[PDB]
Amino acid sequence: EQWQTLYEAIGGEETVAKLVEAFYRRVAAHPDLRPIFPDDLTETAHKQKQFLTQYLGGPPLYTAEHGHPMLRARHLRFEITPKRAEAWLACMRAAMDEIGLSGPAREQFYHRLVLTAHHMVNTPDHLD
């Protein structure tokens, strides 16, 4: 198959922008996520747009402004249980669906996010 970055494959900037906007609306509404995210998600969304751009092989926007992602380390500041990772991923799938992003490039991207989310998990789930 022809080589292209996943960033291009999914439609680049415009897709990332739409996706992030949709994603944070879902995060704001999610009871497993809402309390650990800032009430104002403006800055978060900005950073995620930059991060996902870089993560997908687009320009290194996130590093330029914030330094190396060191995402797992940054996430040690929060309790990320498997349930919370599932909530994040469920918001992401819902946002991808909402913006009408479907197909193999979507799933390849989603699978990268499943792996990253798994890497972020840092606390056992709360059971009974």
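Residue numbers here begin at 1 and follow the sequence given.
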Avg C-alpha B-factor, entry values, 119-127 vs 2-10, higher side is 2-10
Once average C-alpha B-factors are taken from the entry for 11-19 and 100-108, the winner is 11-19
Which of these, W88, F78, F37, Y55, has its C-alpha atom at the highest B-factor, as the entry lists it? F37
Largest Cα B-factor, entry values, listed residues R84, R26, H46, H66: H66
Which third, lowest, middle or highest, does the CA B-factor of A73 fall in along this chain? middle
